[PDB]
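Single chain ahead, written as structure tokens, the form deposited in one PDB entry.
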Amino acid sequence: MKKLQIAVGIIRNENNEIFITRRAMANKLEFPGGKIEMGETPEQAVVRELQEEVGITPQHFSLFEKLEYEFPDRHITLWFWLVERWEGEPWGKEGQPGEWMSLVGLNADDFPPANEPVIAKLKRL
């Protein structure tokens, strides 16, 4: 039994827009994120992952949602962090250009199914 945990960043600006990436579900939207390494905490992981993939250092953030998946010999945990303040400007730092999408025009169906409960929550408030 081993764990695989993913730190996910929900970067939201002042205009209720979120920074998302598009995939080449050939065009579904996704949140930036990556694996939490051994010896690294969930908070340290989302900061590092965003610094590496998006070019920002999250300063003000909180746990927005936590999803668990139990498969044979593997437990998966997705940590979704709502990032409201940061240093830097999001961009395709490692070739993964993202884009700002307003929540008013976003549909959960545009994201892979795992994101459903997160999008619903984002659009409520």
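All residue numbers are counted from 1 along the displayed sequence. If you superpose the two forms and keep the largest set of C-alpha atoms that fall within 1.5 Å, you have the rigid core.
From this point on, the text means the form deposited in another entry, which you will not see here.
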- Select from 74, 35, 85, 66 the only position whose Cα moves 2 Å or more between the shown form and the other one when the core is aligned. 74
- If the CA atoms of residue 73 and residue 38 move by 3 Å or more in the other entry, do they move toward each other or away, so closer or farther than here? farther
- Query: Taking the shown form as reference, are the C-alpha positions of residue 72 and residue 38 brought closer or pushed farther apart in the other entry, with a change of 3 Å or more?
  - Reply: farther
